[PDB]
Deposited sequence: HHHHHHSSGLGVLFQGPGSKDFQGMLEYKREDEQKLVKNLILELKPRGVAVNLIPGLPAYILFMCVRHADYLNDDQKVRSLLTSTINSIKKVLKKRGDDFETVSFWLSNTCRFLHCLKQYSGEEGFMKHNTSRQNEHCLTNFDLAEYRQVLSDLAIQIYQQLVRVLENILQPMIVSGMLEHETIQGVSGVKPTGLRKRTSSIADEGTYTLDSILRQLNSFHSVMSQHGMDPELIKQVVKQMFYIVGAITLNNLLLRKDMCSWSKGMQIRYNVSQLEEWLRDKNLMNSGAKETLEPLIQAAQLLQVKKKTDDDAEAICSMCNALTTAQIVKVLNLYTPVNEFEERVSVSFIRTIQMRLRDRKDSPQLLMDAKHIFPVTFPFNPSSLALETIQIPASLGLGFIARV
């Protein structure tokens, strides 16, 4: 029987964070079989340092950990797998520091056995803050890499197509989601990533439509709306209907509808004004101007602008495609028993011992 700790010699610490963080591959047999494993192992090391009441060793490990993680994300921050992996694991490390902090609040989902594994000599509340802030940092490098990959596909797949296609986009979305899943990234974190990906698709598409006269036709309205419904299906097939992802596409949807509605009578104008609640006046006017069949008369456009004067949001045309919804990492306790964790030989951590 073990207590669920890991001891290591102090001069071995640089070897520890080297194999466990610096040179640990985001894709491996052990990490794939047991997602979050490096976070669990790091936490078990902290437990024993705490159990030793060695503040200089606790400080050393906690410092090396964040330094090494940052060292990794600097060296390979262009790589989606690496970023996704260390986001997922930094998070799990944060959860572990909470779930076994010895604070009653973070202990409402623990077994009796788990509650025995709490820290006893040190309060790492200040460290958790640094770590959570590091996580926020990581989450944004993620969206950064995420966007640079999606971006060169969006116009082509969503618009210029009767390079990439629509299925290319769905494919890339399928790739992103599976990678995050395999890393054991919190489901609620995945949701926010998906919402962020749909917004980028929507914002880039709408902006390109608004800056191009060749894209504003009834035909494209038929095509855009079809493409959106393929993205809705993608959410529905992964139970992401409550991710808030769909709602971020509302401006694009309404712009696509606007291209299809009749645009001649006073009633047509009235209907447009109540339908397009998610588009700005500038956006509605721009689409009406670019339309290509009769053409939208200058007085029909005037009727629209006059009618919409009830709205006091300053006139804006372009969506911010670099906008990032503020990320939350809600506490997610694991039911994993630390006492039955072994150290797979492929991690190259033979120099540490279970306690």
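Novice: For this chain, which runs of the deposited sequence have no C-alpha coordinates, given in order from the N-terminus?
Specialist: In sequence order, the gaps with no modelled C-alpha are 1-20, 183-206, 338-342.
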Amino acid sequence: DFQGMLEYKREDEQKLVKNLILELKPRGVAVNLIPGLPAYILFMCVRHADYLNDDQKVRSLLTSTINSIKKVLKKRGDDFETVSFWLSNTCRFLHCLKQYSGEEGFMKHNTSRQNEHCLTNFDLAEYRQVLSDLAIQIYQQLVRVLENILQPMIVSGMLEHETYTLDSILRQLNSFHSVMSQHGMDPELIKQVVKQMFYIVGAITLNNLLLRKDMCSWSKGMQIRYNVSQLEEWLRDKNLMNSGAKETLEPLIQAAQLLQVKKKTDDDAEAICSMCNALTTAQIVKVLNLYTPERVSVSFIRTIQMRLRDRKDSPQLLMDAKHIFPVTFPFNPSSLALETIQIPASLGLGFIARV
From here on, numbers count along this sequence of modelled residues.
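Novice: With reference to the PDB entry, specify whether the mean Cα temperature factor is higher for 6-14 or for 20-28.
Specialist: Taking the mean C-alpha B-factor of 6-14 and of 20-28, the larger value falls to 6-14.
Novice: Taking the mean of the C-alpha B-factors per stretch from the entry, tell me the winner out of 302-310 and 49-57.
Specialist: If you average the C-alpha B-factors of 302-310 and of 49-57, the larger mean comes out for 49-57.
Novice: Highest Cα temperature factor in the entry, among the options 92, 191, 128, 108: which one is it?
Specialist: Going by the entry's C-alpha B-factors, 108 comes out highest.
Novice: Take the CA temperature factors straight from the PDB entry and tell me which of 179, 142, 261, 241 peaks.
Specialist: When the deposited C-alpha B-factors of 179, 142, 261, 241 are compared, 241 is largest.
Novice: Looking at the temperature factor on the CA atom of residue 81, which third of the chain's modelled residues does it land in?
Specialist: Lowest third, going by the recorded CA B-factors of the chain.
Novice: Please say which third, lowest, middle or highest, residue 322 falls into when its CA temperature factor is compared across its chain.
Specialist: Ranked within chain, residue 322 CA B lands in the lowest tercile.
Novice: Going by what the PDB entry lists, where does residue 161 fall on CA B-factor within its chain: lowest, middle or highest third?
Specialist: For residue 161, whose C-alpha B-factor we compare with every modelled residue in the chain, the answer is the highest third.
Novice: When the modelled residues of the chain are sorted by Cα temperature factor, does residue 270 land in the lowest, middle or highest third?
Specialist: As the PDB entry reports it, the C-alpha B-factor of residue 270 lands in the middle third of its chain.
Novice: Quick check for you: using the entry's CA B-factors within this chain, is residue 147 in the lowest, middle or highest third?
Specialist: Highest third, going by the recorded CA B-factors of the chain.
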